[PDB]
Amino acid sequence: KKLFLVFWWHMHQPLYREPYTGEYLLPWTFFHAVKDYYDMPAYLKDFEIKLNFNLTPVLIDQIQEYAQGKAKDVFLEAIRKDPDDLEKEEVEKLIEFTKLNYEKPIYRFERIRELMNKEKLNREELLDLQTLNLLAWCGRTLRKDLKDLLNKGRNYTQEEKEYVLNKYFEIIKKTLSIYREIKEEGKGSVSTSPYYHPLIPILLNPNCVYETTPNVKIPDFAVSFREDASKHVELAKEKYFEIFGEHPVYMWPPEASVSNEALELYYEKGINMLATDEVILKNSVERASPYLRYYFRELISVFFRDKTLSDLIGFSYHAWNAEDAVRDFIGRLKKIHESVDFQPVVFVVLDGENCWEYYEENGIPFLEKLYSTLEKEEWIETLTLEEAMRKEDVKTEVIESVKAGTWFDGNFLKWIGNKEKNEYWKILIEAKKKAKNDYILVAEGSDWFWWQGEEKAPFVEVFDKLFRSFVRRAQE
């Protein structure tokens, strides 16, 4: 009797490329590509387990542009420059970026602490600020190759900075190929999402927010977004076919968000399986185990992720020692294994690139120990999405209705329902009436609405500039 364990690591970045200047206004795609997007599937080269991945199409587009040397990244241009050529504005944003990240374990260099305590910075100190910001985002693969330079910690030269940059782009250039390779080798399945990571249930029926939050105020949805919902899915299918050679049969719904209408749409578009959140299951079915494969109306398979296990990784274990965390995780899996007489399917689903920067050494001690330990347990069988979908010795249940929501509390309050977020929807509604091109789809991405109307943080205004620029461009 085995426990079937399914990791599904979700990778996404909204579009940082401002459409009038063509500049990437934030470097986060670059930094998560060099730190996470290659290295997360590259674990499969060293560990005999299965791991699965979601790549949003808008993320794939940006990885392609960086890989081809086409991305004009303003923050990265400031890193590349000789410090004598840095504008005051660029130094300021290098310092602000450092302060934003200063407390993360991946920024644990004594030299950073020295440079932040300094009133003015000379050329050598600026070179160190530039290069340490690069090295802070070093992924697992190059932490081996660049060991000598990482241990230096200070006194970097322009030549060493450029060496690091060249290696980082070599990683980005190999990234889509490793996803293709692990898929073809049967080491993992790869899914995608509707193109720009929108909330499909809201685009199909904005009144679905009242299934969970009856008291919320929403704007007057005087335009239909239903066709746009279909387009996000269809264009995702096309992009996925380009990279992987088939239409995708697995999708991750952005924010785990489902509704009866959204599930019907995924079925109509040929998606055979998706996953969503356990809170949605508990809101929809009184007596329900998350260890079963569910069939929504016998149209499409649904797995509900194990929220506690997913949250152990996403929220707890950064604060723990790696060995303690792995022993805890295996212990919980063993209790699950001993708790049912059938073979349970245990989905572990979370962002695949955001939690590691808060772990010691970018979470590499944790993941190496986790995967090493998993591959040794006879009673754990990790599965690809494809195996989880077709596995016969699993228990199964039909469900006829779900209560619309997301993996935030089972509701939509992070993206709609307060004055500020509603203003974004009103902007989008008005723009949609006058829309002339697919930039209106870019502006439907969930990310813009998440950041809007949130307590001020460094670089928040950049998401607002992006959103409004896409809205403007949509109408021209």
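Sequential numbering from 1, following the sequence displayed.
Asker: Is the mean CA B factor in the deposited entry higher across 426-434 or across 57-65?
Answerer: According to the PDB entry, the answer is 426-434.
Asker: If you average the CA temperature factors as listed in the entry, which stretch comes out higher, 464-472 or 8-16?
Answerer: Here the higher of the two C-alpha B-factor means belongs to 464-472.
Asker: Looking at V91, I271, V164, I313, which has the biggest Cα B factor in the entry?
Answerer: Among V91, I271, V164, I313, the PDB entry lists the largest C-alpha B-factor for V91.
Asker: According to the Cα B-factor stored in this entry, which of the following is highest: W28, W415, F408, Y38?
Answerer: So the option with the highest C-alpha B-factor is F408.
Asker: Please place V74 in the lowest, middle or highest third of its chain according to the CA B-factor in the PDB entry.
Answerer: Top third by C-alpha B-factor.
Asker: In terms of the chain's CA B-factor thirds, is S401 lowest, middle or highest?
Answerer: Its C-alpha B-factor, which the entry lists for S401, ranks in the middle third among residues of this chain.
Asker: C-alpha B factor of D447, ranked within the chain: lowest, middle or highest third?
Answerer: Tercile = middle for this residue's CA B-factor.
Asker: Where does the C-alpha B-factor of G331 rank in its chain, lowest, middle or highest third?
Answerer: Highest third of the chain for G331's C-alpha B-factor.
Asker: Relative to the other modelled residues in the chain, which third contains the C-alpha temperature factor of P83: lowest, middle or highest?
Answerer: Highest third.
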